[PDB]
Amino acid sequence: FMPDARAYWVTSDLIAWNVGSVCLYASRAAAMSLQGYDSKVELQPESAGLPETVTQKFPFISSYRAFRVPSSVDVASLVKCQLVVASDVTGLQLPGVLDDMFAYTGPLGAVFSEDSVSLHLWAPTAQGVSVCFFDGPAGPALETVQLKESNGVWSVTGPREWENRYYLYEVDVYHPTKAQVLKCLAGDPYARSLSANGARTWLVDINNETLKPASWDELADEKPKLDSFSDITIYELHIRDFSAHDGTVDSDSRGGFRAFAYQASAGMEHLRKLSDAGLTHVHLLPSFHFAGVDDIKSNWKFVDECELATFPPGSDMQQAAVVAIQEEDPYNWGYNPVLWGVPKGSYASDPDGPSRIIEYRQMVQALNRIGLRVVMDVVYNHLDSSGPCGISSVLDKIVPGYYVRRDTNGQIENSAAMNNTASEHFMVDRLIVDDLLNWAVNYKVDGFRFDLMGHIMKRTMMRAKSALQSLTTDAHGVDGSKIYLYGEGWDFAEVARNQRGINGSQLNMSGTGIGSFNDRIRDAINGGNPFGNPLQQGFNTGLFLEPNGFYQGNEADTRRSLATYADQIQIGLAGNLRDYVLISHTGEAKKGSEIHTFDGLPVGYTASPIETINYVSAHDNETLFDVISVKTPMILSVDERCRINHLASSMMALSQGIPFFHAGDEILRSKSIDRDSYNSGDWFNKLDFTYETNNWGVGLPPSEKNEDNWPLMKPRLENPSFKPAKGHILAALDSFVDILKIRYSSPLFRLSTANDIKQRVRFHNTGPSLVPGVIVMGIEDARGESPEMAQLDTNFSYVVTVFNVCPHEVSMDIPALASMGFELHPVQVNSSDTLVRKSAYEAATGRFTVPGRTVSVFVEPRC
Ligand SMILES: OC[C@H]1O[C@@H]2O[C@H]3[C@H](O)[C@@H](O)[C@@H](O[C@H]4[C@H](O)[C@@H](O)[C@@H](O[C@H]5[C@H](O)[C@@H](O)[C@@H](O[C@H]6[C@H](O)[C@@H](O)[C@@H](O[C@H]7[C@H](O)[C@@H](O)[C@@H](O[C@H]8[C@H](O)[C@@H](O)[C@@H](O[C@H]1[C@H](O)[C@H]2O)O[C@@H]8CO)O[C@@H]7CO)O[C@@H]6CO)O[C@@H]5CO)O[C@@H]4CO)O[C@@H]3CO
Ligand SMILES: [Ca+2]
Ligand SMILES: [Ca+2]
């Protein structure tokens with residue numbers, strides 16, 4: 001942990017300290033104790049105070065007294081020393097002055113020219129920097145070359161023959177955690193390729209023809225069309241999960257980038273089916289250089305799946321076997337960033353050499369070719385490691401205390417998980433934007449999901465947006481206008497309430513065109529919340545309608561809560577707009593922002609449907625099938641729960657805004673009720689594209705994150721009636737595909753603006769006498785002569801969707817929709833589901849009849 005540092009050096013000439021004569025002490029050898037200083041200077045207290053530039057950047061110290069540093073002081077020399085200020089003694093946090101004096105916008109990393117190669121490293125506090133060249137990926141150091149410094153930037157220019165060498169920086173710098181000037185070996189923060197485990201940086205030209213698959217430069221011409229961000233659907237997928245169990249893929253490609261180049265596999269046939277039905281984007285879990293998995297496959301440990309398959313469904317033996325090797329197996333979600341700009345070595349066929357670059361590109365190209373754009377899960381909010389030691393620490397090894405956020409005592413913030421980054425610092429902001437550009441241009445990535453976006457400054461998000469949009473096919477080989485951004489706008493810990501500045505929270509990102517996950521519709525549909533009691537029911541898990549026995553109040557309470565969830569869901573169905581007006585369950589008209597969650601938050605908060613990512617499931621927390629298996633009454637058949645799964649995914653698939661699906665939603669995927677399977681190996685994360693199993697009942701999930709819920713898991717996992725058969729899995733997939741086809745059969749499901757939604761979208765089952773467990777959504781198009789709106793749909797003039805979660809058939813009379821030519825959607829008329837085909841419309845009364853646990857879409861044809 002970093003020492004006590006309650007003072008801030010914010011500008012070349014200002015130090016901030018919240019004390020009630022102050023002196024500055026410096027030691028280039030780090031030889032101070034409490035003595036041992038080489039230099040000292042008195043700081044004259046500032047009358048005016050801290051400049052606006054400082055307080056805007058570091059709001060949390062706006063009350064700190066200001067102390068002026070004499071202009072005769074050699075600040076550039078001092079920031080390379082061990083420093084303390086005395087009143088009481090404490091260290092100083094330097095990011096402010098480092099930015100003020102050494103903000104750098106020139107090239108970083110390697111730059112290639114015809115006859116030379118240059119290296120640039122930002123290390124403003126270092127006393128010395130050299131580059132070490134190695135004999136390949138595993139050989140010894142062959143040569144050391146000193147770099148020269150200019151305003152905090154170290155560089156050297158060498159011959160073009162430096163190309164394809166391996167290197168590391170040797171950085172001599174004071175490390176507060178060790179209270180010593182240490183000589184550290186570090187990779188290039190601007191690395192474009194690495195040896196196994198990033199032990200060395202590969203000095204490769206990312207633009208070289210030999211690193212490009214055939215037709216790579218023309219990929220823009222092959223990319224799937226995207227008319228509007230409102231046409232986006234997203235499928236969230238882990239790279240290893242995808243092919244780890246796919247026997248149709250060669251053993252040598254399974255689990256990595258190459259598996260996507262196998263178009264004839266069950267996995268890729270699965271994705272093509274979804275893609276052909278309308279799915280537009282595949283969101284891949286972290287695929288950059290992260291820690292937690294050895295790049296060297298021959299170091300991997302595996303369990304015997306044939307053996308674990310013989311253990312009882314609710315036994316603790318499976319998780320014991322996995323946990324025993326989980327630190328050295330091939331598996332991890334990958335949320336442990338080391339270097340952002342390089343593909344993960346473990347996902348390549350060979351961690352050394354060009355394969356990781358070539359195969360990543362082959363992956364994007366393959367996905368593009370089957371109609372899918374690629375989204376990267378980016379994790380700019382924190383680092384796997386900090387400190388001077390370890391192969392997993394890079395940034396904080398080179399410029400200690402700068403890239404990571406720290407508290408007012410100088411301790412590193414860990415709220416994100418560990419080693420939070422400080423995007424509010426100039427060079428952190430730059431690195432993030434440079435990285436995004438790297439993936440967009442060098443890998444033609446189509447979009448980005450931002451992990452913990454609330455931990456990132458909004459100005460970083462907005463500049464990245466403008467930088468990405470500026471990319472053109474003629475200048476950069478990619479159309480930046482089609483690149484889509486979204487993230488987790490969660491507001492918590494040290495960044496909450498704009499404490500470190502305007503951050504990327506849900507509320508702050510309203511009106512930015514950048515999406516954020518809608519946790520309101522998620523919890524309203526499933527019930528409860530990721531941290532509450534697992535048995536808390538929701539709109540689609542039996543609240544009021546089908547009590548699961550867990551006491552949740554009298555029926556009056558549960559019915560009221562159900563109606564409340566219904567309101568929240570409907571606001572979400574209309575793009576979760578802050579200004580959309582809904583007739584609430586009380587009969588009162590309310591804007592989306594005036595309808596509140598149980599904890600006082602505005603339900604609707606966006607300025608556009610494209611700012612809303614509607615979801616009911618994701619990689620974190622329980623899968624859709626598992627959450628439903630836990631919250632619904634145990635008496636239900638798996639056949640009924642299968643229909644419940646489909647209702648949930650259909651609520652997303654037919655909502656205004658951007659639907660988000662967790663890989664497996666469509667096939668009843670289970671993790672044996674694992675709520676946090678980040679380290680649960682292939683066993684608990686199994687994706688089965690033979691459709692013979694869904695991975696339910698493969699033992700209690702790892703105790704680390706699940707033990708407290710084991711008692712409720714065991715009875716369900718052991719019950720044969722909870723497990724679906726192939727027939728169920730295939731049925732869910734067929735119905736999922738049909739609902740996707742319906743979304744893309746009419747533009748009406750995908751309105752692009754708030755004005756269009758306010759004008760065309762109406763909910764028909766509202767008020768105090770609303771029918772519980774039913775949502776009716778109508779969407780109008782231009783009809784008759786002199787229409788008050790444009791005509792968007794050539795085939796239909798009106799669409800009505802009925803979500804019926806009641807266990808029984810319902811008849812909804814909508815007089816406003818009488819005397820119209822509604823028919824069940826042609827997709828459902830020809831459905832393999834015999835239930836939905838019993839849906840009906842009655843023109844005389846405008847009565848819609850919809851079977852239990854069914855979503856029926858009715859259309860009014862134009863012809
Ligand atoms: O940062 C990673 C985190 O991101 C997401 O979480 C966000 C979530 O999606 C948002 O919706 C929102 O959460 C708000 C929530 O919906 C509100 O209801 C309320 O929550 C309060 C609870 O209702 C209340 O019960 C109490 O909860 C306590 C629990 O009862 C108690 O069990 C314990 O919880 C522990 C969890 O059981 C355990 O799983 C573990 O949680 C980790 C998760 O496993 C992991 O996935 C990740 O969390 C994600 C989350 O999945 C995303 O959806 O990290 C978690 C780290 O802990 O540990 C828990 C330890 O607490 O404790 C909790 C309370 O401490 O309190 C809460 C808070 O009032 O308000 C929420 C507002 O925060 O935002 C979150 C992120 O803020
Ligand atoms: Ca497609
Ligand atoms: Ca692991």
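In each ligand, atom 1 is the first atom listed, and ligand 1 is the first ligand listed. For the single chain, residues carry numbers from 1 onward in sequence order. Any value given below was found using the heavy atoms of this structure, including those in side chains, with hydrogens, waters and symmetry copies removed.
For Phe661 and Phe736, the distance between ring centers is under 6.0 angstrom. Taking the ring centroids of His455 and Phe492, they lie under the 6.0 Å cut-off. For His619 and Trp333, the ring centers sit closer than 6.0 Å to each other. Taking the six-membered ring for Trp and the full ring otherwise, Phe450 and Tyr486 have centroids separated by 6.0 Å or more. Aromatic rings of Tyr615 and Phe517 (six-membered ring for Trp) have centroids within the 6.0 Å cut-off, being under it.
Between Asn621 and ligand 1, an N or O atom pair is found at a separation short of 3.5 Å. For a threshold of 3.5 Å applied to N or O pairs, the pair formed by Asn529 and ligand 1 contains at least one separation below that value. For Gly532, no nitrogen or oxygen atom sits less than 3.5 Å from a nitrogen or oxygen atom of ligand 1, counting backbone and side chain alike. Where the criterion is an N or O separation shorter than 3.5 Å, residue side chain and backbone included, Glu488 fails it with respect to ligand 1.
Because the distance cut-off is set at 3.0 Å, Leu279 qualifies as a neighbour of the Ca ion (ligand 2) through one of its N, O or S atoms. Residue contact annotation: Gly371 places an N/O/S atom under 3.0 Å from the Ca ion (ligand 2). None of the N, O or S atoms belonging to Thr280 lies under 3.0 Å away from the Ca ion (ligand 2).
Heavy atoms of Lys705 come nearer than 4.0 angstrom to ligand 1 in no pair at all.
Looking at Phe517, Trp490, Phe531 and measuring to atom 63 (C) of ligand 1, the nearest heavy atom belongs to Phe531.
When rounded to 10 degrees, the angle formed at the Ca ion (ligand 3) by O (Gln326) and OD1 (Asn679) equals 90°.
Residue contacts with ligand 1, taken as heavy atom pairs separated by less than 4.0 Å, involve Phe492 solely via side-chain atoms from C-beta onward. Under 4.0 angstrom from ligand 1, the non-hydrogen atoms of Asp599 all belong to its side chain. The part of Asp523 lying near ligand 1 is the side chain, judged by heavy-atom distances below 4.0 Å.
The backbone N or O of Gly604 lies less than 3.5 Å from no partner atom in the side chain of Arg578, so there is not a single donor-acceptor pair.
Classification of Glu222 and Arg369 as a salt-bridged pair holds, one side-chain N sitting under 4.0 Å from a carboxylate O.
For the side chain to side chain contact (heavy atoms under 4.5 Å, CB included) with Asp626, the lone residue among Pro534, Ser670, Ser672 that qualifies is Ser670.
Residues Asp620 and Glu488 are in side-chain contact: their nearest non-hydrogen atoms beyond the backbone lie under 4.5 Å apart.
The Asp519 neighbourhood of ligand 1 comprises atoms 10 (C), 11 (O), with distances under 4.0 Å to a heavy atom of that residue.
Among heteroatoms of the N, O or S kind in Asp329, OD1 lies nearest the Ca ion (ligand 3).
Closest heavy-atom contact between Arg449 and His283: CG-CE1, 3.2 Å.
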